[PDB]
Amino acid sequence: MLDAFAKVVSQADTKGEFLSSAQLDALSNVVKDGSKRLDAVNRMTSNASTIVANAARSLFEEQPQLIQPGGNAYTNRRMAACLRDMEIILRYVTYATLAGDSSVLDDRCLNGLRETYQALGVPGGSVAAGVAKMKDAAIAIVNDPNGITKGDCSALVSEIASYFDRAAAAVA
Amino acid sequence: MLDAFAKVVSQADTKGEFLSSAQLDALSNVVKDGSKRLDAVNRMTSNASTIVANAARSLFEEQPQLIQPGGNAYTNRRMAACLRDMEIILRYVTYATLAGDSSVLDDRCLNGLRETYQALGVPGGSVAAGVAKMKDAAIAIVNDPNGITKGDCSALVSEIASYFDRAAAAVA
Amino acid sequence: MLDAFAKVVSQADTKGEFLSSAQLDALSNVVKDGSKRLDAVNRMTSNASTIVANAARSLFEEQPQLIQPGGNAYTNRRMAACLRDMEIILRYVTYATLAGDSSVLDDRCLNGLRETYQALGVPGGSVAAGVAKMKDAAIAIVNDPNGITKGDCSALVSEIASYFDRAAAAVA
Amino acid sequence: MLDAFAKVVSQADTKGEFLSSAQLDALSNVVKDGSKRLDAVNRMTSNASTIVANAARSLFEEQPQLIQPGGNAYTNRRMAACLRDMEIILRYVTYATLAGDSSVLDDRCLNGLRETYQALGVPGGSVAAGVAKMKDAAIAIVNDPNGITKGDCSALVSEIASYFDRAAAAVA
Amino acid sequence: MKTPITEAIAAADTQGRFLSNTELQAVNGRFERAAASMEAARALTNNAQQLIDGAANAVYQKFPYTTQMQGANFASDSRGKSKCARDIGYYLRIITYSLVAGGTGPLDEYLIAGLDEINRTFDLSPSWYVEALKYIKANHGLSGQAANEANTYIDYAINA
Amino acid sequence: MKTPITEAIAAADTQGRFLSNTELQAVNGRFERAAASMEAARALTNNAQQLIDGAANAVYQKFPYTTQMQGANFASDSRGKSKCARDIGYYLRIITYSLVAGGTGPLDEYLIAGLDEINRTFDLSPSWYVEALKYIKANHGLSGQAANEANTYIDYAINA
Amino acid sequence: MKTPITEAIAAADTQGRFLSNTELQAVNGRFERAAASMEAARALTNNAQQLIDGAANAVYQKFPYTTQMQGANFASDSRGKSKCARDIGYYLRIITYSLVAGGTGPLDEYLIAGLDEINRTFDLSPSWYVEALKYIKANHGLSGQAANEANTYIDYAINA
Amino acid sequence: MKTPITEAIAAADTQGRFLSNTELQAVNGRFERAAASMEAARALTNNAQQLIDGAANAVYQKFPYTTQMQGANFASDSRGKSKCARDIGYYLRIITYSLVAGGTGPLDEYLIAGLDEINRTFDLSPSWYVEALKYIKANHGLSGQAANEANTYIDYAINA
Amino acid sequence: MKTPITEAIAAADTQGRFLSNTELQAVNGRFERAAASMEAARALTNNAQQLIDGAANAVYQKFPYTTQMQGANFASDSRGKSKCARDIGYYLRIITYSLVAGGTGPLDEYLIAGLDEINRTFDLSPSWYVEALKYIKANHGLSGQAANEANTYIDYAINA
Ligand SMILES: *[C@H](C)[C@H]1/C(=C/c2[nH]c(/C=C3N=C(/C=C4\NC(=O)C(CC)=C4C)C(C)=C\3CCC(=O)O)c(CCC(=O)O)c2C)NC(=O)[C@@H]1C
Ligand SMILES: *[C@H](C)[C@H]1/C(=C/c2[nH]c(/C=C3N=C(/C=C4\NC(=O)C(CC)=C4C)C(C)=C\3CCC(=O)O)c(CCC(=O)O)c2C)NC(=O)[C@@H]1C
Ligand SMILES: *[C@H](C)[C@H]1/C(=C/c2[nH]c(/C=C3N=C(/C=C4\NC(=O)C(CC)=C4C)C(C)=C\3CCC(=O)O)c(CCC(=O)O)c2C)NC(=O)[C@@H]1C
Ligand SMILES: *[C@H](C)[C@H]1/C(=C/c2[nH]c(/C=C3N=C(/C=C4\NC(=O)C(CC)=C4C)C(C)=C\3CCC(=O)O)c(CCC(=O)O)c2C)NC(=O)[C@@H]1C
Ligand SMILES: *[C@H](C)[C@H]1/C(=C/c2[nH]c(/C=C3N=C(/C=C4\NC(=O)C(CC)=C4C)C(C)=C\3CCC(=O)O)c(CCC(=O)O)c2C)NC(=O)[C@@H]1C
Ligand SMILES: *[C@H](C)[C@H]1/C(=C/c2[nH]c(/C=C3N=C(/C=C4\NC(=O)C(CC)=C4C)C(C)=C\3CCC(=O)O)c(CCC(=O)O)c2C)NC(=O)[C@@H]1C
Ligand SMILES: *[C@H](C)[C@H]1/C(=C/c2[nH]c(/C=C3N=C(/C=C4\NC(=O)C(CC)=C4C)C(C)=C\3CCC(=O)O)c(CCC(=O)O)c2C)NC(=O)[C@@H]1C
Ligand SMILES: *[C@H](C)[C@H]1/C(=C/c2[nH]c(/C=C3N=C(/C=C4\NC(=O)C(CC)=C4C)C(C)=C\3CCC(=O)O)c(CCC(=O)O)c2C)NC(=O)[C@@H]1C
Ligand SMILES: *[C@H](C)[C@H]1/C(=C/c2[nH]c(/C=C3N=C(/C=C4\NC(=O)C(CC)=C4C)C(C)=C\3CCC(=O)O)c(CCC(=O)O)c2C)NC(=O)[C@@H]1C
Ligand SMILES: *[C@H](C)[C@H]1/C(=C/c2[nH]c(/C=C3N=C(/C=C4\NC(=O)C(CC)=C4C)C(C)=C\3CCC(=O)O)c(CCC(=O)O)c2C)NC(=O)[C@@H]1C
Ligand SMILES: *[C@H](C)[C@H]1/C(=C/c2[nH]c(/C=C3N=C(/C=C4\NC(=O)C(CC)=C4C)C(C)=C\3CCC(=O)O)c(CCC(=O)O)c2C)NC(=O)[C@@H]1C
Ligand SMILES: *[C@H](C)[C@H]1/C(=C/c2[nH]c(/C=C3N=C(/C=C4\NC(=O)C(CC)=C4C)C(C)=C\3CCC(=O)O)c(CCC(=O)O)c2C)NC(=O)[C@@H]1C
Ligand SMILES: *[C@H](C)[C@H]1/C(=C/c2[nH]c(/C=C3N=C(/C=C4\NC(=O)C(CC)=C4C)C(C)=C\3CCC(=O)O)c(CCC(=O)O)c2C)NC(=O)[C@@H]1C
């Protein structure tokens, strides 16, 4: 498991050279945006249920056969399992956003998950659609300018969305 | 595990005959040179670190990419592991010299070592070069006539060097 | 194990009342001096060996029979054990200073220690003298105004010294 | 377990002083008589059965009720057990003679043996008589001047006999 | 109890070593946040009675049947009103305890571990207290990160 | 590797739960200290060569026999001087790595785990490098808490 | 096989360390005694046939019935005499092996582990070979410590 | 304690048997080497003070800062000089103990098991004592195998 | 599934024996109660829509904010009303399943094992459905022991 500092240190050690001014500047920018990153992580974790609810609402709205008799979640068990899956994926996205690196999300979650879903018979495309809707809802909620000090969070939003396409592409 | 006496006794027992005067003379010569053998073993063990240092210095002098970035020992771990390997090989050479037989060195060390080195990706040729440099340094140090009583140690030097080519040929 | 906040919260919960303005003011003062407390803890831990050395020097200077033949530490074993004991006591003092409460030092260290020392035959009075000399050396080192921003650390010094008499009185 | 060198080193270390010329001279005399000591140990161990036989013959000659019906060894079991006991005591005497110190004989053999014999009902006085006869036979056999180089072994004989009275007094 | 400082000390002690720079960094974070935590605690303690009365009235206006239906589990008379004010006082008291301690420890230990059996037995619906805590959150008068901290623990309270 | 952030994430993951307020406080401490950590790293990296040369000369003046006695393990010629400068460069490089990472991880992993066998084999006395690091600590030109951080890790380096 | 040198090497190897001064002292003792051991081996090997014939004749004179009674287990004819000479030759051969090796290893391994079942099955009394070895011990012509060594191993042979 | 004789006796006792020829050979080696061991011990004990003073002066000339810098861990005054002479005396005393005992036992038990914590705590660099022991090794005035034995144990002392 | 008959058969089979008189008595009790159970199931199934609409209207009158406040988790528009009717239909359907089966099996398996995570995620308060089930219990039109059975399972439903 690596974060940004650990990745930079490993890549500089394997080559045996001091850190260039570029890497120092990048890590100093990471440090400067650390407070925005903590804001994003706190807001995403403490509003996790609302994000999951919005994503599920959209997914069941555009693919209603999912919640109709004979569908792939027409019961308390499968509904709760889908919601657990969605909360898990959001939790690992919050991990990657706090770490500033996708290594934990790729290695511990996105490895072998695609095989699991097609072995279980769960349609992966609808999972990817739900993940994209999670991305939309999460970015909408993070950028909410109320109750906070005005500022630019565009880089973090881009990074979090990049994590989301990495998650969606690992099951599509 | 055999020494010279045990090897001679086994070979004479498998044929069922008394020891010939040739074998008796050879073993009596071994007994007569026992003190020189103890001198060689003591000097080689109590100066082991200097021998390893000289060998490593020569090896890194003629193959400097070993200690340059990207090389096969450019770190505390791989450096210490190479030095441990070198000290191990010297220790087993001291075992064989004290025993007056290569059986321990062949059976317990040189069996499967070549497979280990190519499975690990360590270049065996440079290992053989380092072993040859150990041979040169050890023979130089053993023959040092200072602090000791004048005498002929040429047979022991030849035998120890023979052990060294057996070691170097087992990994080359 | 309690710190100041936990002690205040427990004592207020057992009585069932909100925190009075007195306790709030006291805890706000603790918060305000938190940075001085971190300075004290860092300087005491990173200079622990010098403190132990000074204390041991004074103790052996005023009680030289300790380091004379027949004394209670005239060997590598007993010397190293005394130094280990001294480093342990200083470590638990640093714990109590960081916590702002003596509960850890009393419950986990000062309970049954006096019985241990008289059962072992180690003279507890000289241990108390060494503890007092540790107090003097530690307070001297903490108040050093060099390399730091000018300010008042008298309350922390009094508190740390109070921990020291609690330690010295538990073995005297 | 201590030998003479270890005892002298411990007693000099507990006082913290170099070895006096007296102790050096005593240990040098021990070294000088080491060859006589090895002769005594070898002759006593390789003739152990003859010593036991002579001792048992004398003991049964002067106390014949031991080997008469109703006696305390009138059977293969008790006879063999007595001979085992006698061989054990002689073996530990050979240990103490080789070590040049009675510590092994006292600590590992003579501790609690007297209680064992009176708890078993074996008459300890006759055991002491047999031990004294072992002393006589062993000293007779050790001093035999045939097959060896002429020399003085009086000090070793006195020491071995001292071990024997220590053994006999531990059960009498 | 479960505070960051006690947790750091226990982590350091379990491995028998001096305190590391990581634990001092964590204690530094605790000390820097304790200013806002104590400000929020002081504010919530000073305006306690106003908040209690406002929350009780919000509960009455939101669930009117609680003032109309007869029955012991309701607030149709003075005894019910006083019990409800006492309950909301317990809630606010323990949330201020947790704000003071700097963690969920007091909430985990003094309230949540027994609230469920209490509410089932006496037929008290959790949504009443949910609405009371929502009112308190919307009307505590705090601003900035101190308010953020208060809201963090209030949301911890909401997940009854 | 052992960083505070990775340690917090692993603690949160091992119990299968979202991140708690304690871990966010710890990451806040890390982020606030990373400013001084990065300032110290940048300073030590920019003035690297001056520090290397000054430390080498301090070693030569303090242990003069190292410049006089013949033998391969000494710095009597140019090869020894260059090897010593390379060694001090390795030391400074790994200390800057550790300052960047914010923990003892890089020092524990890349230097200390193998330094002892290396020094025994090639007859290199640790006090040479101790004196070099003492010089670097006394002559890095940093002020305040950034200097304090640098000195923390330099003292970590001293306990070879 | 069980020699002092192999035992020392195995002791040193089992703990993964270089050879200690104690093991070199033991090997020194082995080397100093090997001179007498080899002298005794050479002497016993050169005069082998004389010793064999003398031991056979001693057995015949001591137990006369072995030359008189008929039966396959006796030496009443030439076949028995030749078998007995072969047997005593085996005994002397293995004792010389043990003298060469410097330990009881060869005697423990090649003779004693199977002698008992052999002697019970073919009705060979051990006292015959005891008397033969006693004769060999009294008539080997060795003097001093070499003779002492030979007698040590001969007594090892006696305890059949 | 760990002597060859005690080790042989313990090996013989653990298997409940008489002493074998191998153990007597080992004790013979011990007895033959004890002559040189005792000669070396006597020599090192007689010339103790000369060696102590020469080693102290060698330390002062080799590391001159130890005579110049102020501070309690140095030998700038008479107290430091006397402490250093006492220390070198302890070293020589325990090496002579080990020479007398014939093994590394006393060195393993009375010095090495506690030297590391002592030296770290009082900021005593091991290279001082390394240089002192090197001087003692180069200036003990012994010749032949007795000198070889002394040097064996001195090198055991060097690997602090 | 967990029915009395299947439980009796499994008890009889686990001990490898024929059915005992106790199990036949239990099956007799099941058969005698199944008449009332089936009457209650038929009644609740026939008047399903009337009960659904009455329960929805009771929920609206009891918690008026659910018809007024905007937000997706409310029944302010037609979509919310239809979802709520579907939910109450699920509840009634599974209670009739359980009445048919004669045990809590269907309620334990198809509803209760997943209701809690569903309600927390979509912010649905259990008291809404509690009030709906209370209305259904007070307005099912059953009389006697069949009504008693229905109320038994309705109270099982209440303890959400
Ligand atoms: C919901 C968005 C979709 C879907 C979900 C669904 N899943 C199951 C079962 C499983 N889901 C997982 C996923 C994970 N388990 C982990 O530990 C992790 C990482 C930490 C992940 C990502 C797994 C392993 C399973 C199988 C084992 C289990 O259930 O725990 C079901 C049930 C299928 C069935 O009952 O036949 C469902 C329904 N269904 C949808 O319709 C959505 C597209
Ligand atoms: C980005 C998504 C949005 C945003 C971020 C933003 N916040 C500030 C204010 C701050 N928020 C924090 C966060 C924490 N402090 C803690 O102790 C904890 C854990 C309990 C957290 C999560 C901090 C430290 C600050 C700075 C101090 C303050 O109170 O203001 C800013 C301005 C200051 C800055 O960027 O450093 C910004 C930009 N603002 C937006 O507009 C985005 C939508
Ligand atoms: C140094 C001269 C060369 C070289 C060495 C090197 N080795 C490794 C790892 C291993 N070395 C061994 C050898 C032995 N282990 C034994 O027990 C014995 C006999 C008792 C021998 C001879 C083994 C088994 C390994 C693998 C397991 C281990 O490391 O302990 C490395 C590390 C490789 C890496 O990190 O990728 C190195 C570098 N490297 C050189 O450049 C020299 C040619
Ligand atoms: C051969 C590499 C060099 C050499 C050997 C040499 N040595 C002697 C002297 C002796 N060295 C020993 C060794 C030991 N005695 C012990 O107790 C121990 C273990 C602690 C050891 C290792 C011995 C016994 C002797 C003989 C007695 C003496 O002190 O002289 C000689 C001459 C005597 C002989 O060969 O037997 C020789 C030749 N000399 C060289 O020139 C070689 C470089
Ligand atoms: C040194 C200042 C004094 C003194 C010390 C001394 N101690 C021993 C042995 C022990 N010391 C302790 C103390 C502790 N062990 C713990 O775990 C803790 C708290 C975490 C404490 C405070 C204990 C338990 C022992 C006995 C077990 C052990 O040794 O580990 C000795 C050795 C005594 C001897 O060898 O006979 C000494 C010398 N001696 C002095 O002169 C000082 C006054
Ligand atoms: C009291 C013993 C002495 C003293 C204390 C003092 N320090 C400041 C400066 C500061 N020291 C710190 C400490 C840390 N920050 C961290 O991140 C860590 C862990 C890595 C530590 C240990 C801090 C935060 C400050 C304030 C910021 C700054 O750099 O100045 C002061 C003045 C500011 C204050 O008190 O808050 C004081 C008084 N000064 C003395 O004179 C005493 C001898
Ligand atoms: C013979 C000289 C005398 C005597 C001997 C006798 N002993 C027993 C039984 C025992 N002898 C011992 C002694 C030892 N066991 C040990 O391990 C050691 C040290 C290593 C010693 C010294 C013990 C313990 C016993 C009891 C257990 C056992 O038998 O092994 C008997 C048998 C008594 C009986 O059968 O009733 C005898 C006869 N008897 C004599 O007449 C002599 C005086
Ligand atoms: C004392 C009981 C009697 C006695 C002793 C004696 N022996 C010598 C001769 C020697 N005996 C040995 C012994 C051994 N060498 C080995 O290798 C082994 C183990 C296999 C043993 C047991 C030795 C080394 C000697 C010296 C060399 C030699 O062959 O002569 C002497 C004279 C020499 C001396 O004392 O050192 C003596 C006195 N003689 C008596 O009269 C006592 C009855
Ligand atoms: C007020 C918001 C609503 C409500 C209040 C009410 N409560 C009771 C009785 C009890 N309330 C509690 C709650 C707690 N006691 C504790 O110690 C803690 C931990 C901090 C809590 C959360 C309890 C235990 C009881 C029963 C025991 C007691 O009386 O103390 C009543 C009376 C109900 C009755 O008598 O049956 C009422 C009315 N009811 C409403 O209608 C308000 C909206
Ligand atoms: C300089 C301060 C003193 C000193 C330097 C010196 N070193 C050598 C050889 C080596 N130095 C190292 C150290 C490291 N290599 C690594 O990868 C790491 C981890 C970051 C470290 C700490 C090593 C391994 C060697 C040996 C292999 C090599 O050459 O690279 C020499 C030459 C000694 C010789 O050839 O025998 C010297 C001179 N010596 C002094 O006198 C300076 C005071
Ligand atoms: C001679 C001293 C007395 C004796 C000899 C005798 N032996 C046989 C037959 C056998 N002797 C042996 C002994 C060994 N064979 C081995 O390999 C070894 C290990 C070194 C030993 C000790 C054996 C095995 C036999 C039987 C098999 C064989 O013949 O080789 C005979 C013939 C008896 C018969 O045929 O039944 C005799 C006569 N008998 C005497 O009277 C001599 C005094
Ligand atoms: C002299 C070579 C250098 C040196 C000496 C020095 N030592 C101290 C204090 C101590 N020396 C020891 C060493 C031992 N004590 C033992 O029992 C043993 C086992 C045999 C050893 C190895 C110890 C324990 C101490 C501290 C306790 C004591 O004083 O006895 C000083 C004083 C330092 C101070 O007071 O802080 C000095 C000067 N220093 C030099 O500069 C010399 C080169
Ligand atoms: C009606 C009494 C109140 C209410 C209804 C409401 N529900 C939603 C969405 C959902 N209802 C369920 C319940 C179940 N589905 C099952 O399979 C089972 C097991 C039998 C149960 C108990 C679920 C899972 C959902 C979410 C998925 C879905 O839509 O099917 C809404 C919409 C809320 C939203 O979109 O966010 C509503 C309005 N809300 C009220 O106000 C009524 C009082």
# chains A, B, ... in the order shown; residues from 1 in each chain; ligands from 1

$ calpha_fit_and_write --fixed "chain F" --moving "chain H" --output "short mmCIF file (atom, residue, chain, number, x, y, z; two decimals) with C-alpha atoms, in the first residue's frame"
data_model
loop_
_atom_site.label_atom_id
_atom_site.label_comp_id
_atom_site.auth_asym_id
_atom_site.auth_seq_id
_atom_site.Cartn_x
_atom_site.Cartn_y
_atom_site.Cartn_z
CA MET H 1 5.59 1.61 3.43
CA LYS H 2 5.12 2.84 7.00
CA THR H 3 3.56 6.28 6.72
CA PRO H 4 0.92 7.71 9.11
CA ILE H 5 -1.66 7.87 6.31
CA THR H 6 -1.08 4.27 5.21
CA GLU H 7 -1.17 3.16 8.85
CA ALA H 8 -4.48 4.95 9.44
CA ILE H 9 -5.96 3.45 6.27
CA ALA H 10 -4.82 -0.05 7.24
CA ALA H 11 -6.29 0.37 10.73
CA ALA H 12 -9.60 1.51 9.23
CA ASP H 13 -9.65 -1.32 6.67
CA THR H 14 -8.79 -4.14 9.09
CA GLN H 15 -12.08 -3.44 10.91
CA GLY H 16 -14.10 -3.01 7.69
CA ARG H 17 -15.57 0.40 8.53
CA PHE H 18 -15.48 3.98 7.29
CA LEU H 19 -12.80 6.38 8.52
CA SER H 20 -13.31 7.74 12.04
CA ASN H 21 -12.73 11.27 13.32
CA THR H 22 -9.52 10.16 15.07
CA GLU H 23 -7.91 9.09 11.79
CA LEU H 24 -8.89 12.39 10.14
CA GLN H 25 -7.34 14.24 13.09
CA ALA H 26 -4.13 12.24 12.62
CA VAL H 27 -4.06 12.95 8.87
CA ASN H 28 -4.63 16.62 9.75
CA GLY H 29 -1.55 16.55 11.96
CA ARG H 30 0.40 14.93 9.13
CA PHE H 31 -0.73 17.56 6.65
CA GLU H 32 0.13 20.44 8.98
CA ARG H 33 3.62 19.05 9.72
CA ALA H 34 4.28 18.21 6.06
CA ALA H 35 4.88 21.92 5.35
CA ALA H 36 7.90 22.04 7.67
CA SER H 37 8.97 18.58 6.51
CA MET H 38 9.00 19.66 2.86
CA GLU H 39 10.78 22.93 3.67
CA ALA H 40 13.53 20.98 5.44
CA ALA H 41 13.77 18.48 2.57
CA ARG H 42 14.06 21.26 -0.02
CA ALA H 43 16.74 23.08 1.98
CA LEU H 44 18.82 19.94 2.59
CA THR H 45 18.54 18.99 -1.10
CA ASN H 46 19.57 22.41 -2.45
CA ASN H 47 22.69 22.79 -0.24
CA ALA H 48 23.64 19.12 -0.63
CA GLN H 49 27.15 19.55 -2.06
CA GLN H 50 28.28 22.23 0.40
CA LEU H 51 27.12 20.03 3.29
CA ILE H 52 28.86 16.98 1.84
CA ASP H 53 32.19 18.78 1.47
CA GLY H 54 31.96 20.39 4.90
CA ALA H 55 31.17 17.05 6.53
CA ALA H 56 34.07 15.34 4.77
CA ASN H 57 36.46 18.07 5.90
CA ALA H 58 35.10 17.87 9.45
CA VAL H 59 35.76 14.13 9.47
CA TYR H 60 39.31 14.71 8.22
CA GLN H 61 40.10 17.37 10.85
CA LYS H 62 38.54 15.37 13.70
CA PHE H 63 40.20 12.01 12.92
CA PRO H 64 43.53 13.02 11.32
CA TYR H 65 44.88 9.46 11.09
CA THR H 66 42.31 8.81 8.34
CA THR H 67 44.32 11.15 6.09
CA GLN H 68 47.76 9.81 7.09
CA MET H 69 47.75 6.02 7.50
CA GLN H 70 48.07 3.87 4.39
CA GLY H 71 45.52 1.17 3.77
CA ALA H 72 42.44 0.66 1.65
CA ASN H 73 39.94 1.42 4.43
CA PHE H 74 41.27 4.99 4.73
CA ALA H 75 40.93 8.25 2.79
CA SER H 76 44.65 8.81 2.20
CA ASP H 77 44.17 9.19 -1.57
CA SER H 78 41.53 10.47 -4.01
CA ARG H 79 39.67 7.15 -4.22
CA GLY H 80 39.04 7.15 -0.47
CA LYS H 81 37.87 10.77 -0.49
CA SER H 82 35.45 10.06 -3.33
CA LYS H 83 34.09 6.94 -1.62
CA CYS H 84 33.57 8.90 1.60
CA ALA H 85 31.76 11.70 -0.23
CA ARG H 86 29.56 9.06 -1.88
CA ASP H 87 28.82 7.51 1.52
CA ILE H 88 27.85 10.82 3.13
CA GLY H 89 25.72 11.44 0.04
CA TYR H 90 23.91 8.16 0.61
CA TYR H 91 23.29 9.15 4.23
CA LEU H 92 21.92 12.59 3.30
CA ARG H 93 19.85 11.16 0.45
CA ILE H 94 18.12 8.64 2.72
CA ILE H 95 17.54 11.19 5.49
CA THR H 96 15.86 13.46 2.92
CA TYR H 97 13.80 10.48 1.75
CA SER H 98 12.63 9.97 5.33
CA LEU H 99 11.86 13.68 5.78
CA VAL H 100 9.76 13.53 2.60
CA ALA H 101 7.88 10.41 3.67
CA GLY H 102 7.24 11.81 7.17
CA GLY H 103 8.45 8.79 9.12
CA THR H 104 11.34 6.49 10.03
CA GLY H 105 10.20 4.05 7.33
CA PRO H 106 12.86 4.82 4.72
CA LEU H 107 15.60 4.95 7.36
CA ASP H 108 14.48 1.61 8.80
CA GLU H 109 14.21 -0.02 5.37
CA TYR H 110 17.02 1.31 3.15
CA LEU H 111 19.92 1.98 5.55
CA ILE H 112 19.77 0.65 9.13
CA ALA H 113 18.78 -2.96 8.32
CA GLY H 114 22.12 -3.58 6.62
CA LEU H 115 24.54 -0.95 7.88
CA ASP H 116 25.98 -3.10 10.69
CA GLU H 117 27.24 -5.99 8.54
CA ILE H 118 28.58 -3.53 5.96
CA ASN H 119 30.54 -1.59 8.57
CA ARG H 120 31.96 -4.68 10.26
CA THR H 121 33.08 -6.24 6.97
CA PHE H 122 34.84 -3.17 5.53
CA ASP H 123 36.24 -1.98 8.90
CA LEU H 124 34.37 1.34 8.76
CA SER H 125 33.95 2.87 12.21
CA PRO H 126 30.45 4.29 12.86
CA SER H 127 31.88 7.33 14.70
CA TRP H 128 33.08 8.80 11.40
CA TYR H 129 29.51 8.94 10.11
CA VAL H 130 28.28 10.02 13.55
CA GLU H 131 30.59 13.05 13.36
CA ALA H 132 29.52 13.77 9.78
CA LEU H 133 25.84 13.76 10.78
CA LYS H 134 26.63 15.95 13.80
CA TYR H 135 28.27 18.49 11.49
CA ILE H 136 25.30 18.37 9.10
CA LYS H 137 22.96 18.92 12.05
CA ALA H 138 24.98 21.91 13.26
CA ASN H 139 25.30 23.49 9.80
CA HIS H 140 22.05 22.96 7.90
CA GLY H 141 20.96 26.60 8.25
CA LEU H 142 17.33 25.79 9.11
CA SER H 143 15.38 27.71 11.73
CA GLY H 144 12.39 26.92 13.92
CA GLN H 145 10.22 23.83 13.85
CA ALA H 146 11.50 22.78 10.44
CA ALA H 147 14.96 22.69 11.96
CA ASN H 148 13.50 20.79 14.90
CA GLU H 149 12.07 18.19 12.53
CA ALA H 150 15.37 17.86 10.69
CA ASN H 151 17.17 17.43 14.00
CA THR H 152 14.66 14.79 15.08
CA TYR H 153 15.52 12.65 12.09
CA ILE H 154 19.22 13.46 12.36
CA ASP H 155 19.17 12.14 15.92
CA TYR H 156 17.38 9.07 14.57
CA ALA H 157 20.37 8.74 12.23
CA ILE H 158 22.83 9.19 15.11
CA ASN H 159 21.61 6.09 16.94
CA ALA H 160 23.37 3.80 14.44
#

$ residues_near_ligand --ligand "ligand 1" --cutoff "8 Å" --atoms "only C-alpha atoms and all ligand atoms" --output "number ranges by chain"
A: 56, 66, 71-73, 77-86, 88-89, 108-110, 113, 116-117, 120-127, 130

$ atom_distance --atom1 "atom CA of residue 133 of chain A" --atom2 "atom CA of residue 148 of chain A"
24.7 Å

$ residues_around --residues "residue 106 of chain D" --least-positions-apart "3" --cutoff "12 Å" --atoms "only C-alpha atoms" --output "PyMOL selection string"
chain D and resi 1-2+89+92-93+95-96+101-103+109-113+163-171

$ interface_residues --of "chain C" --to "chain D" --cutoff "10 Å" --atoms "only C-alpha atoms" --output "list in words"
residues 68, 69, 70, 74 and 75 of chain C

$ select_by_dssp --residues "segment 1-146 of chain G" --states "helix (DSSP H, G or I)" --output "ChimeraX atom specification"
/G:4-14,21-46,48-62,65-68,78-101,105-121,126-138,145-146

$ residues_near_ligand --ligand "ligand 8" --cutoff "6 Å" --atoms "only C-alpha atoms and all ligand atoms" --output "PyMOL selection string"
(chain D and resi 35-36+38-40+42+142-145+148-153) or (chain G and resi 33+145) or (chain H and resi 21+24-25)

$ interface_residues --of "chain A" --to "chain F" --cutoff "10 Å" --atoms "only C-alpha atoms" --output "VMD selection string"
chain A and resid 1 to 10 12 to 13 16 to 21 24 to 25 27 to 35 37 to 39 41 to 42 45 to 46 48 87 to 88 90 to 92 94 to 96 98 to 100 104
